[PDB]
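>>> pasting an experimental structure with its sequence.
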Amino acid sequence: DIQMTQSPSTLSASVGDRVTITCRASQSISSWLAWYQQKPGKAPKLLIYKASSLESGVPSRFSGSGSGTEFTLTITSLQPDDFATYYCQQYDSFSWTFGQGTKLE
Amino acid sequence: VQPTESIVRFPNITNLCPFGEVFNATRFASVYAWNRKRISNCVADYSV
Amino acid sequence: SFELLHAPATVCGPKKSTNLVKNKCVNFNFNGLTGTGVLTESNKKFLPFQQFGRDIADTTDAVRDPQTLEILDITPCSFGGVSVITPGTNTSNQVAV
Amino acid sequence: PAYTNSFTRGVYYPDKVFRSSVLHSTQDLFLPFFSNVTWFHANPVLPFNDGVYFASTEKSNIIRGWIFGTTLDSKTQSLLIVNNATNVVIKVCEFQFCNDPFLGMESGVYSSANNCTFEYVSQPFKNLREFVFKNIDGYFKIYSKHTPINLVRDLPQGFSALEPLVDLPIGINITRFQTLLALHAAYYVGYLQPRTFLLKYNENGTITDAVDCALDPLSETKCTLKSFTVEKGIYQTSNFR
Ligand SMILES: *[C@@H]1O[C@H](CO)[C@@H](O[C@@H]2O[C@H](CO)[C@@H](O)[C@H](O)[C@H]2NC(C)=O)[C@H](O)[C@H]1NC(C)=O
């Protein structure tokens, strides 16, 4: 399968600050990435599709980057409602494996 | 005394050619940009 | 596209094989040596690179199974003559073999 | 250069047949007993007649490769058997190399990576190294042996058989042969001939002695009787014409 390591972990930062998270891949995948939003007690919510592409109904602070293996999600301004969990996803091969996840507070 | 059974023995089947991975692919190349994969020095089972 | 032979080939299909039956008369192929016989375990110690054994009269008497490297011995299937022992039909019609 | 006399050396297993306590008689390419072989000390190009027997009484790093070919140019193939500290590579490749190649990254590979065909990696003065190279019916065969010897300038007195290393389907022609010295120290070369031998397989299947069927009349007598010991008498061996 694909083993994908979410190097950043539980992170603390003040409201309105730059935050960057990375999601390294076992082998290069041609920008076949999905970022998912998760909150406690709530079902997962689709956030970002196709690496660097924003979905409708999502604040513009979220942005994606990275080609092949250096996929990264960057939020320019942190918000109190942004304290939640992010999930990685890849769909290059058919065995669709998520990421370890990162925590925000 | 006449022979009853019939046996044949050959070395282990090792190093199968990986055409199975090309046949099952999540992503398929466009017709104009056809992609060539070289299968070489392996045991190929076309009965599958 | 099968690129035809211009140099010695390196790709083609696997070669199947059967189980190893012992202590019975069986036609046998062991990596290309063909013959009929009874195959039994052996106490011979071939050197590592040696595949089959030939005797003083140049007849194959041992083969190493290709998959599990065990030395085995080929002994010919039983053959002989049949004789009838009779006390003569002038006395009885009961015979022995 | 100088010549040295080979003392019953250059015998190898000619097949993969196991024979126990037999005096077998074979006819194949062997190095004649008590023959002169050229002695080199340090290596120009040399011919390759049916195979060659190469002996080296060196151990450290100097002799770690060979090159083979007929009319080596940018079109004809060339065997590479260069040895690393942990691997060997079999590269039969269509290239030419500059004059005086050696190992310093190699000197000859400055342009010697051209349209190559086959690759293989198998094999990773205290010890004498003996090798025999044969090329026949589109097949290259290597025989090798290692022996602990001391205080010998010529080849040692004794008997040893060369077990087979590899049988490779290069399917090309080879006529010239050369060595790749690791130039950053003596070896011997002998030629094989079609000869008849009387090999003595012991109980375990290991060749213990051999007799040259054409050395002298006594060897002819032993070869005819198929025994290493003959008793008093007159034995007819051959025909004079
Ligand atoms: C050929 O394949 C057979 C079957 O996989 C191998 O037999 C096994 O060998 C391993 C290694 O020693 C043992 O641990 C197993 O117990 C063996 N299996 C059985 C059923 O006995 C065999 O070693 C292979 N031989 C070669 C040369 O590849």
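Done, it's in. Numbers count the residues shown, from 1 in each chain, chains lettered A, B, ... in the order given.
>>> mind checking the SS state of residue D:109?
The three-state label given to residue D:109 by DSSP: H, G, I helix; E, B strand; the rest coil is helix.
>>> how near is the closest residue to it other than its chain neighbours to residue D:67?
Nearest in space to residue D:109, with sequence neighbours left out and distances taken as Cβ to Cβ, 6 or more residues apart in numbering or on different chains, is residue D:97 at 7.7 Å. Placement of C-beta: from N, CA and C, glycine included. Distance, residue D:97 to residue D:67, using Cβ to Cβ, to the nearest Å: 8 Å.
>>> intersection of neighbour lists for those two?
Residues touching both residue D:97 and residue D:67 (Cβ atoms under 8 Å, 6 or more residues apart in numbering or on different chains) are D:78, D:108.
>>> now do the strands in the chain.
Because you didn't say which chain, this covers chain A. A:4-5, A:19-22, A:24-25, A:33-38, A:45-49, A:62-65, A:72-75, A:85-90, A:102-103 (DSSP state E).
>>> ah, no, chain B please
Using DSSP E, strands in chain B cover B:5-9.
>>> report the distance from the host helix or strand of residue D:221 to the chain centre.
Assigned by DSSP states H and E, residue D:221 falls within helix D:217-225. Relative to the centre of its chain, helix D:217-225 is centred 26 Å away, using Cα atoms, centre = their mean, to the nearest Å.
>>> what's in contact with it?
D:25, D:196, D:198, D:211, D:212, D:213, D:214, D:228, D:230, D:235, D:237, D:238.
>>> hey, C-alpha coordinates of that helix in PDB?
Provided in PDB are the C-alpha atoms of helix D:217-225 (Å, rounded to 0.1, in the frame of the first residue of the first chain):
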ATOM      1  CA  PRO D 217      54.300 -45.400 -22.800                       C
ATOM      2  CA  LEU D 218      53.600 -46.300 -19.100                       C
ATOM      3  CA  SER D 219      50.800 -43.800 -18.900                       C
ATOM      4  CA  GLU D 220      49.400 -45.400 -22.100                       C
ATOM      5  CA  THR D 221      49.600 -48.800 -20.500                       C
ATOM      6  CA  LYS D 222      47.700 -47.600 -17.400                       C
ATOM      7  CA  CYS D 223      45.100 -45.900 -19.600                       C
ATOM      8  CA  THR D 224      44.600 -49.000 -21.700                       C
ATOM      9  CA  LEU D 225      44.300 -51.300 -18.600                       C
END
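>>> can you name the residues of chain B that neighbour the ligand?
Within reach of the ligand by Cβ under 6 Å from any ligand atom, chain B has these residues: residue B:12.
>>> spatially central residue in chain B, please.
Centroid check for chain B by Cα atoms, centre = their mean gives residue B:44 as the closest residue, at 2.9 Å.
>>> isn't that one right up against residue C:9?
No. In this structure, residue B:44 is not within contact of residue C:9 by Cβ atoms under 8 Å, at 10.9 Å.
>>> what about the residue in chain B positioned nearest to chain A, neighbour count?
With Cβ to the nearest Cβ, the shortest gap between chain B and chain A falls at residue B:26, namely 4.8 Å. Residues within reach of residue B:26, counting by other Cβ atoms under 10 Å in any protein chain shown, total 11.
>>> same check on residue A:33?
Neighbour count of residue A:33, defined by other Cβ under 10 Å: 26.
>>> please apply the same query to residue D:134.
19.
>>> now it. Nearest residue, chain neighbours left out?
Residue D:134's closest residue in space is residue D:51 (Cβ to Cβ, 6+ apart), at 3.9 Å.
>>> verify the contact between the one you found and residue D:133 for me.
Yes. Residue D:51 is in contact with residue D:133 according to Cβ under 8 Å; the separation is 5.5 Å.
>>> OK, contacts around residue 25?
If you meant another chain, say so; for now it's chain A. Residues counted as contacts of residue A:25 (Cβ under 8 Å, 6+ apart) are A:2, A:4, A:68, A:69, A:71, A:90.
>>> oops, I was thinking of chain D
D:196, D:197, D:198, D:199, D:213, D:223, D:226.
>>> switch the cut-off to 7 Å
D:196, D:198, D:226 (Cβ atoms under 7 Å, 6 or more residues apart in numbering or on different chains).
>>> what bridges to it?
Beta-bridge partners of residue D:25, counted by DSSP bridges, are residue D:198.
>>> circling back: any idea how far the residue of chain B closest to chain A lies from residue B:32?
Taking Cβ to Cβ, one finds residue B:26 at 20 Å from residue B:32.
>>> so what's the residue count around residue D:1?
6.
>>> closest point of chain C to chain A, which residue?
residue C:11 (25.7 Å).
>>> max-length strand in chain C?
strand C:33-41.
>>> stretch D:152-165 vs chain C: in contact?
Yes. On the criterion Cβ under 7 Å from any Cβ of the partner chain, stretch D:152-165 is in touch with chain C at D:163, D:164.
>>> just stretch D:205-214 next, same as before
Yes. For stretch D:205-214 and chain C, the contact criterion (Cβ under 7 Å from any Cβ) is met by D:205, D:206.
>>> now that stretch: buried residues?
For stretch D:205-214, burial by neighbour count (16 or more other Cβ atoms under 10 Å in any protein chain shown) applies to D:205, D:207, D:210, D:211, D:212, D:213.
>>> which of those sits closest to chain B?
Looking at the buried residues of stretch D:205-214 and their distance to chain B, the nearest is residue D:205, at 22.0 Å (Cβ to the nearest Cβ).
>>> confirm that that closest one sits in a helix.
No. The assignment for residue D:205, made by three-state DSSP, is coil rather than a helix.
>>> for the residue lying closest to it once chain neighbours are set aside, what are phi and psi?
With sequence-adjacent residues excluded and distances taken as Cβ to Cβ, 6+ apart, residue D:205 is closest to residue D:18, at 4.8 Å. Main-chain torsions, residue D:18, degrees, to the nearest 10: phi -100, psi 120.
>>> isn't residue D:18 up against residue C:53?
Yes. Between residue D:18 and residue C:53 there is a contact under Cβ atoms under 7 Å: 4.1 Å.
>>> list the helices and strands the helix or strand containing residue D:66 packs on?
Taking DSSP H and E as the criterion, residue D:66 maps to strand D:63-69. If contacts are counted by 3 or more Cβ pairs under 7 Å, 6 or more residues apart in numbering or on different chains; DSSP states H and E, strand D:63-69 sits against strand D:77-80, strand D:176-181.
>>> ok, the first one: who's next to it in the sheet?
Here strand D:77-80 is paired, per DSSP bridges, with strand D:63-69 (antiparallel), strand D:92-94 (antiparallel).
>>> can you give me the neighbour number for residue 10?
Going with chain A. Residues within reach of residue A:10, counting by other Cβ under 10 Å, total 10.
>>> look at chain B instead
A count of nearby residues for residue B:10, using other Cβ under 10 Å, gives 16.
>>> for it, give its distance to residue D:185.
Here residue B:10 is placed at a distance of 48 Å from residue D:185 (Cβ to Cβ).
>>> so the closest residue to the ligand within chain B versus residue D:40, what's the distance?
Proximity to the ligand, evaluated over chain B using Cβ to the nearest ligand atom, is greatest for residue B:12 at 3.8 Å. Separation of residue B:12 from residue D:40 (Cβ to Cβ): 44 Å.
>>> same question for residue C:27.
With Cβ to Cβ as the criterion, residue C:27 and residue D:40 are 55 Å apart.
>>> check contacts around the closest residue to residue D:106 other than its chain neighbours.
Excluding the flanking residues, the one nearest residue D:106 by Cβ to Cβ, 6+ apart is residue D:82, at 7.1 Å. For residue D:82, the contacting residues are D:64, D:65, D:89, D:180, by Cβ under 7 Å, 6+ apart.
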